[PDB]
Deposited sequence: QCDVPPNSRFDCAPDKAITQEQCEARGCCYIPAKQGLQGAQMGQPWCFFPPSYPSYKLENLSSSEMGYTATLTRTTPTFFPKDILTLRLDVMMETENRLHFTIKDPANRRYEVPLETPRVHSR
C-alpha cells in the first residue's frame, strides 16, 4: 500500500507541516526522503471520486463523479458532473462542475 517509487509520490500534506501520526490519520503514507519529494503521500487506495452513469452524447460523454470519504479540505463537493466534448480532430475538451450550483467560470468567447 505504501510501496510507491519516490518520484511518483503525490503530496498528501500540500496545506501544512504534518507529523507522521497526522499523515497516517489522513490515510496517507509517511516515508522520509533520504536527503522536494513529499514525506507524506497518497497510497494508491486513497479515496478519490468514482465514475457512475457514463453516457454517450453526439458531442462525447457525460458522467456523475461521487466522493464517499471527505478529504482534509473543508467543503468537498461530493457530487460532480463530467462533460467530455470531442470538438475537433485536434481539440478535446472536458469540464468537471458542481451540478447543484453555478460556480465561477472565466468569461471566454466561443
Please report every deposited-sequence interval that has no C-alpha in the structure, sorted by position. 36-42, 118-123
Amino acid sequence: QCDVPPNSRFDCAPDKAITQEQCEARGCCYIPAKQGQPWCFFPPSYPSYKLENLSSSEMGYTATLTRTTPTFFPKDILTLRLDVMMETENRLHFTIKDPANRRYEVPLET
From here on, numbers count along this sequence of modelled residues.
If you average the Cα B factors in the entry, which is higher, 86-94 or 13-21? 13-21
Which has the higher mean CA temperature factor in the PDB entry, 74-82 or 51-59? 51-59
Using the temperature factors of the C-alpha atoms in this entry, rank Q37 within its chain: lowest, middle or highest third. middle
Cα B factor band for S45 (lowest, middle or highest third within the chain): highest
Where the record places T66 (Cα B-factor, split into thirds across the chain): lowest
